[PDB]
Amino acid sequence: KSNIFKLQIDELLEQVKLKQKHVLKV
Amino acid sequence: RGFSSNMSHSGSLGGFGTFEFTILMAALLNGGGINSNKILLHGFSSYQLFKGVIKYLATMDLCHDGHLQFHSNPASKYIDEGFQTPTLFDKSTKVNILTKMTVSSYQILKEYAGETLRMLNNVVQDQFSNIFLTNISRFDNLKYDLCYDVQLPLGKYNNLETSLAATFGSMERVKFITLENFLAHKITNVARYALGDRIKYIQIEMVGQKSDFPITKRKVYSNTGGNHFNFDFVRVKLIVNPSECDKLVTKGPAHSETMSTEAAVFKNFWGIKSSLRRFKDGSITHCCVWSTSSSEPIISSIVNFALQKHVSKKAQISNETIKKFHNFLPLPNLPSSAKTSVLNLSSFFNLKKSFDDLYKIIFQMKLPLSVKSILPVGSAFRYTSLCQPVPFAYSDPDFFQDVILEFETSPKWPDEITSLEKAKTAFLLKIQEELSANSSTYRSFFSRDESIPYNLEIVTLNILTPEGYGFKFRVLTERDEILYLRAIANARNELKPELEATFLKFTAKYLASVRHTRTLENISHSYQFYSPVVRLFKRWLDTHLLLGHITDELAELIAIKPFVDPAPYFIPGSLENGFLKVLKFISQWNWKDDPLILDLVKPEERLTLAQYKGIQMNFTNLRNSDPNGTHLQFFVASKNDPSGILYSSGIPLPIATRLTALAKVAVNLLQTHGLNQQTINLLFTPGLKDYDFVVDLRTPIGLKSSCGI
Amino acid sequence: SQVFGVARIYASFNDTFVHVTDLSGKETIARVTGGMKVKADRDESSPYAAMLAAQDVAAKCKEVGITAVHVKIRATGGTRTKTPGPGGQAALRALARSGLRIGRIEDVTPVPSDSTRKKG
Amino acid sequence: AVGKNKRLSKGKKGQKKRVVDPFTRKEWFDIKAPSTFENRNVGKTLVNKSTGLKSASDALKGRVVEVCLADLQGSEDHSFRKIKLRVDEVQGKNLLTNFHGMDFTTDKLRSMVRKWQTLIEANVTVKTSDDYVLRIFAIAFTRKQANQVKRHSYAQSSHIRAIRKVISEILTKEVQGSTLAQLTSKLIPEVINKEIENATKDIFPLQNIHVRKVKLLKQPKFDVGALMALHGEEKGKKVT
Amino acid sequence: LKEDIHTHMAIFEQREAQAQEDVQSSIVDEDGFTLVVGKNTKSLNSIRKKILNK
RNA sequence: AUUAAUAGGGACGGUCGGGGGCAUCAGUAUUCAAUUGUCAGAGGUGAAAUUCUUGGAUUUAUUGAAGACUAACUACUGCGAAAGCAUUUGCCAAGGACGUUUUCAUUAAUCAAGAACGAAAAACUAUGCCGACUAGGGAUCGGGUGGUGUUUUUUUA
């Protein structure tokens with residue numbers, strides 16, 4: 001559960017991760 | 001799961017946001033043991049932290065049983081006294097963290113959290129996509145089971161005063177700041193009390209509420225739907241208990257000598273529906289009896305009466321979806337049929353009873369070989385015949401249900417296929433002779449079984465019982481299996497696939513069918529709604545013209561799939577919910593890349609990891625055989641059949657793409673239009689286009705009369 | 001039409017328990033001991049005591065409504081004797097003459113499979 | 001201590017005035033048997049209080065009754081067998097029993113045991129599809145042919161061990177392929193032991209073959225829908 | 001149906017009696033051999049098939 | 001550069017056994033306990049007493065644990081060097097006989113001494129000429145060969 005779970009949450013966080021350029025714009 | 005910090009008390013799902021989550025996980029880092037123990041640690045993983053927090057928040061009740069306390073400035077500790085409301089308490093600020101949190105909503109997240117940890121503690125399958133990669137919160141009638149439209153032509157303040165039976169004074173206004181909060185709270189309480197056992201969870205929706213207002217106005221100004229308040233109408237949403245949906249009595253407190261306080265509450269609340277009954281077993285209780293009906297359920301009837309009684313005389317209750325669906329189910333030609341509910345199986349049981357009588361009259365007849373077994377295997381015997389079994393109704397294509405007659409073992413059988421079948425017919429002849437000579441009320445004749453390719457001698461004995469039923473009898477030995485494997489051996493490579501397909505068909509009719517019947521019946525008695533769902537699904541397929549090339553058993557297994565795999569959703573307890581979950585599952589299903597693993601098991605013997613991996617290996621092997629899936633579309637498999645091709649074989653990829661297309665059309669229609677009679681009727685309409693030719697046939701006689709519908 | 005009660009008759013060499021019971025085997029209806037039905041104490045297993053005991057518990061059974069009997073008759077069993085007693089024979093005969101319709105007869109003695117007695 | 005010579009003991013010092021009239025306070029419940037059997041109706045049983053509806057229900061859930069298969073099944077030979085029926089639902093002067101176990105009777109065992117021939121005993125623990133756990137005991141005595149002249153017919157222990165393994169295989173495949181009603185209907189007309197005989201005639205011909213005993217060990221969480229389905233809710237009548 | 005079944009069984013048993021008769025009537029090859037044959041086999045064809053398979 | 005003893009070993013083969021070791025599984029009883037009934041006695045004996053019982057004994061019912069033992073089948077017997085061994089399924093080695101156109105070639109027989117194994121209230125009406133020894137006779141257990149029909153089953157064990 002742990003290994004595939006880390007892979008899956010890594011993919012998820014990469015997909016939902018935000019843009020630093022937008023962060024500094026705000 | 002549709003949860004944020006939005007105000008739950010106002011009649012919508014919520015009261016719990018990411019801020020609240022962060023607060024509570026920080027509190028679990030602070031502590032939280034019953035011995036004020038620290039629960040988590042600063043050097044855990046997200047997976048560890050998430051599992052631990054879910055475990056705690058699911059196991060610990062925070063409203064009725066106990067509360068959680070800490071100091072924001074120290075050790076967290078759970079105290080086993082509930083405050084009748086979700087209570088996380090900083091003792092440095094006296095703040096309940098969860099004051100926006102309706103207790104009903106707390107119960108709902110408790111159930112979701114239990115499902116979350118159950119999926120997590122499953123170690124076999126890939127639970128990540130159910131855990132995170134689906135929004136359940138989109139469709140109301142999929143997420144919940146019974147939602148009812150509640151019209152309130154309220155009007156203005158004095159119209160409220162004369163129409164609302166509830167009093168709106170200063171104490172109502174001080175414990176519930178807004179009229180809408182008071183209204184939602186009152187409706188929640190009255191529905192909870194008037195239903196009680198029959199349900200699992202309740203939710204209220206203020207359709208027409210908004211949060212945006214300009215700087216131009218003092219507040220939000222509305223005129224929506226007679227009222228001038230921040231809603232159009234009310235919708236009630238119910239997660240319903242399955243086996244309590246049809247309880248013709250609703251028990252209250254016990255009849256004591258004086259008037260007990262709870263019986264006073266019940267009788268004041270019910271009044272005209274309150275009564276005293278004397279039962280069978282020497283009991284005297286207060287009850288509010290009902291009546292049962294096919295098209296509408298008892299929940300609908302009671303919810304109309306109770307809300308009209310204790311809210312307003314102008315309120316309106318509806319669910320045309322559920323009433324339409326119940327009408328789309330066929331109705332028997334049995335007395336009092338409309339009064340008979342949808343969870344009553346009396347016709348099936350009558351069938352089974354006359355079979356038991358026949359079981360006596362055959363099983364003790366005199367014969368060459370002693371009878372080893374008689375096995376019903378029939379569709380009706382697993383409760384999946386669309387039309388219910390009506391006496392003397394021989395217009396039903398599935399009227400003659402099927403029953404195996406297995407004799408003992410004896411090595412004097414012929415070792416030739418045709419002579420083998422002819423000897424079996426000789427057995428049936430002897431049985432028919434004895435049965436005619438002794439059992440004159442029965443009737444009997446013989447028929448040619450042509451379901452099996454390249455095997456022409458098979459004769460089955462159809463017997464008609466004077467309860468108005470018909471059983472077809474076929475015989476089974478061990479020489480059948482041995483000979484068929486012998487034939488595949490002595491086949492040549494040009495003909496070997498055809499003999500393999502024929503062997504598969506024989507297996508489906510004679511060996512897997514008994515396991516199929518046993519398993520599905522034994523599980524349907526737990527999942528009551530599965531039989532109406534699968535009958536409705538059969539009606540749907542017969543409208544969409546696919547039953548000619550889809551057998552029964554494929555339909556049955558893909559029907560039971562959402563029941564046995566509710567997660568992330570729930571177990572369906574209402575016909576609309578189950579039917580639409582099945583269609584949703586078909587639409588999501590990518591049979592070119594998805595296997596299907598069915599654990600036909602009572603709720604929480606299941607499949608081991610080795611079996612799961614073995615079937616997954618078989619799935620990978622067939623995908624390697626044909627990634628196009630041209631010769632094999634569906635891979636549906638279970639413990640009763642890991643090969644899977646047994647039921648899913650013998651179909652055109654045009655038929656499969658037609659079915660997938662119809663699923664996608666239905667899902668798009670539900671995504672676009674909304675739930676109403678026009679969309680339901682349009683689903684039940686056929687296409688009758690998109691073809692190369694259409695040929696329209698009219699029989700000499702309309703068979704509804706002899707079909708008994 | 002008929003109602004059955006089971007009659008468990010322990011019949012040792014020292015006493016005789018007539019024991020009527022409802023059909024489930026839990027709720028005793030009445031039980032009567034030859035020892036309590038004889039004034040003496042060397043008679044406390046005799047057929048006379050058994051006849052009196054059986055007659056009296058038959059009276060109580062007809063009072064409750066019991067009409068017929070499945071009789072289960074028991075010796076000491078165990079490592080000791082395995083034959084019913086004088087009370088067993090006399091009790092069965094007395095009930096049948098009292099007038100309850102005897103249903104059916106069985107000999108349920110605890111026989112050891114493997115006796116708790118060491119060799120040497 | 002009845003008679004006048006019999007001395008007092010600690011005994012009859014503080015007695016109890018029997019006044020309660022237990023067979024006034026009691027109440028009669030009818031029981032009923034599952035649908036796999038012919039003569040379904042049997043038996044009335046007592047409950048030690050009436051004034052507990054739920055307390056009475058607790059007693060009748062606890063019960064275990066047992067009855068002769070003859071009168072349970074019409075055929076008036078008391079067919080030397082017992083069915084233990086367990087009561088696990090109540091509804092209105094009707095107890096809805098369920099199957100609990102089975103045994104032969106000791107007189108039948110004496111009726112088969114004989115001197116110059118050996119017996120074979122297999123005792124396999126299995127699981128039905130309904131997750132019941134069973135322990136089935138099966139017995140079989142060897143026999144002499146229609147031809148012999150030797151005075152005794154003993155089995156060599158190769159033949160015994162191959163028979164014991166064969167009996168084990170047939171029992172466990174048949175009961176794992178059953179459900180519990182399907183078992184009960186198999187067990188009633190004695191078809192297992194014809195299967196055993198026909199599959200062991202190639203080893204050393206046995207005569208006297210039986211399913212001796214069945215012991216239940218495990219039950220699942222209780223199943224109202226299943227049980228009332230296996231037998232095959234109601235308006236009151238308006239006291240005013 | 002009765003007539004078909006009866007004539008079919010009669011014909012088939014005529015064939016099978018011939019089959020056991022031949023396979024256990026002491027088959028001897030041309031130059032002094034002998035074919036071993038078990039008890040209760042019935043089909044010299046089936047012996048051919050066992051030969052072909054293994 | 002011998003023969004291959006109805007001399008001895010040893011190999012192989014299919015078996016045979018209640019022989020042994022560790023492990024496992026089951027059986028009813030008995031003892032202890034929980035829970036349930038009903039009511040005044042139970043137990044034991046030439047007769048009784050000590051003893052246990054209105055905080056319910058004995059009795060009945062559902063279950064739980066605990067240690068032992070392995071009934072009937074059990075002898076005209078089986079295996080073991082003797083003392084001895086008795087429900088199942090494994091595992092570890094060992095063994096007799098029989099089969100054998102295998103292999104070695106006198107490797108041997110009886111034994112004072114010496115070494116291994118050997119529960120241990122016991123015993124108490126038994127008792128037979130023996131011997132290096134000739135033919136048998138009936139059943140019996142283990143293996144082997146032929147003949148023969150019944151029980152058996154037939155391309156998968």
# chains A, B, ... in the order shown; residues from 1 in each chain; ligands from 1
$ residues_around --residues "residue 43 of chain E" --least-positions-apart "5" --cutoff "12 Å" --atoms "only C-alpha atoms (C1' of nucleotides)" --output "ChimeraX atom specification"
/B:415-416 /E:15-24,37-38,48-50 /F:154-155
$ residues_around --residues "segment 5-13 of chain A" --least-positions-apart "3" --cutoff "9 Å" --atoms "only C-alpha atoms (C1' of nucleotides)" --output "list in words"
residues 1, 2, 16 and 17 of chain A; 46, 47 and 128 of chain B
$ interface_residues --of "chain F" --to "chain C" --cutoff "12 Å" --atoms "only C-alpha atoms (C1' of nucleotides)" --output "ChimeraX atom specification"
/F:27-31,36-48,58-62,67-72,87,119-121
$ closest_atom_pairs --of "chain F" --to "chain D" --cutoff "8 Å" --atoms "only C-alpha atoms (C1' of nucleotides)" --output "Markdown table"
| residue | atom | partner | partner_atom | distance |
| --- | --- | --- | --- | --- |
| F:26 | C1' | D:123 | CA | 7.4 |
| F:41 | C1' | D:1 | CA | 6.8 |
| F:53 | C1' | D:11 | CA | 6.8 |
| F:54 | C1' | D:15 | CA | 5.7 |
| F:62 | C1' | D:64 | CA | 7.4 |
| F:72 | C1' | D:113 | CA | 7.0 |
| F:73 | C1' | D:118 | CA | 5.8 |
| F:88 | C1' | D:122 | CA | 8.0 |
| F:151 | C1' | D:145 | CA | 7.7 |
| F:152 | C1' | D:202 | CA | 6.6 |
$ closest_atom_pairs --of "chain B" --to "chain F" --cutoff "9 Å" --atoms "only C-alpha atoms (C1' of nucleotides)" --output "JSON lines"
{"residue": "B:411", "atom": "CA", "partner": "F:153", "partner_atom": "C1'", "distance": 6.5}
{"residue": "B:412", "atom": "CA", "partner": "F:154", "partner_atom": "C1'", "distance": 8.1}
{"residue": "B:413", "atom": "CA", "partner": "F:154", "partner_atom": "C1'", "distance": 8.7}
{"residue": "B:414", "atom": "CA", "partner": "F:154", "partner_atom": "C1'", "distance": 8.4}
{"residue": "B:415", "atom": "CA", "partner": "F:154", "partner_atom": "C1'", "distance": 7.2}
{"residue": "B:486", "atom": "CA", "partner": "F:155", "partner_atom": "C1'", "distance": 7.9}
$ select_by_dssp --residues "segment 9-103 of chain D" --states "strand (DSSP E or B)" --output "VMD selection string"
chain D and resid 27 to 32 41 to 47 64 to 68 82 to 90 94 to 103
$ residues_around --residues "residue 189 of chain B" --least-positions-apart "4" --cutoff "12 Å" --atoms "only C-alpha atoms (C1' of nucleotides)" --output "PyMOL selection string"
chain B and resi 102-104+182-185+193-196+202-204+306-307+310-311
$ select_by_dssp --residues "segment 14-48 of chain C" --states "helix (DSSP H, G or I)" --output "ChimeraX atom specification"
/C:34-37,47-48
$ closest_atom_pairs --of "chain B" --to "chain A" --cutoff "10 Å" --atoms "only C-alpha atoms" --output "CSV"
residue,atom,partner,partner_atom,distance
B:45,CA,A:6,CA,9.4
B:46,CA,A:6,CA,8.8
B:47,CA,A:2,CA,7.3
B:48,CA,A:2,CA,9.0
B:120,CA,A:1,CA,8.1
B:121,CA,A:1,CA,8.9
B:122,CA,A:1,CA,9.0
B:123,CA,A:1,CA,6.6
B:124,CA,A:1,CA,8.8
B:125,CA,A:1,CA,9.4
B:126,CA,A:1,CA,8.6
B:127,CA,A:1,CA,9.2
B:128,CA,A:5,CA,7.2
B:129,CA,A:8,CA,9.1
B:132,CA,A:12,CA,9.1
B:133,CA,A:12,CA,9.3
$ closest_atom_pairs --of "chain B" --to "chain D" --cutoff "9 Å" --atoms "only C-alpha atoms" --output "CSV"
residue,atom,partner,partner_atom,distance
B:243,CA,D:225,CA,8.5
B:246,CA,D:233,CA,8.5
B:247,CA,D:233,CA,6.3
B:248,CA,D:233,CA,6.2
B:249,CA,D:235,CA,7.0
B:275,CA,D:238,CA,7.2
B:276,CA,D:239,CA,5.7
B:277,CA,D:238,CA,4.3
B:278,CA,D:236,CA,5.5
B:279,CA,D:236,CA,4.9
B:280,CA,D:92,CA,5.3
B:281,CA,D:92,CA,4.4
B:282,CA,D:53,CA,8.1
B:283,CA,D:53,CA,7.5
B:284,CA,D:239,CA,8.8
B:289,CA,D:235,CA,7.4
B:290,CA,D:235,CA,9.0
B:346,CA,D:232,CA,8.8
B:349,CA,D:232,CA,7.2
B:356,CA,D:36,CA,8.4
B:370,CA,D:191,CA,8.2
B:371,CA,D:191,CA,7.8
B:372,CA,D:191,CA,5.9
B:373,CA,D:186,CA,7.5
B:375,CA,D:182,CA,8.9
B:408,CA,D:195,CA,7.0
B:409,CA,D:198,CA,6.8
B:410,CA,D:198,CA,7.4
B:515,CA,D:177,CA,8.0
B:518,CA,D:179,CA,7.4
B:519,CA,D:129,CA,8.2
B:522,CA,D:226,CA,7.6
B:525,CA,D:226,CA,5.8
B:526,CA,D:225,CA,6.7
B:528,CA,D:225,CA,8.6
B:605,CA,D:131,CA,7.6
$ closest_residue --among "C:68, C:96, C:108, C:49" --to "chain D" --atoms "only C-alpha atoms"
C:108
$ atom_distance --atom1 "atom CA of residue 102 of chain C" --atom2 "atom CA of residue 4 of chain C"
9.4 Å
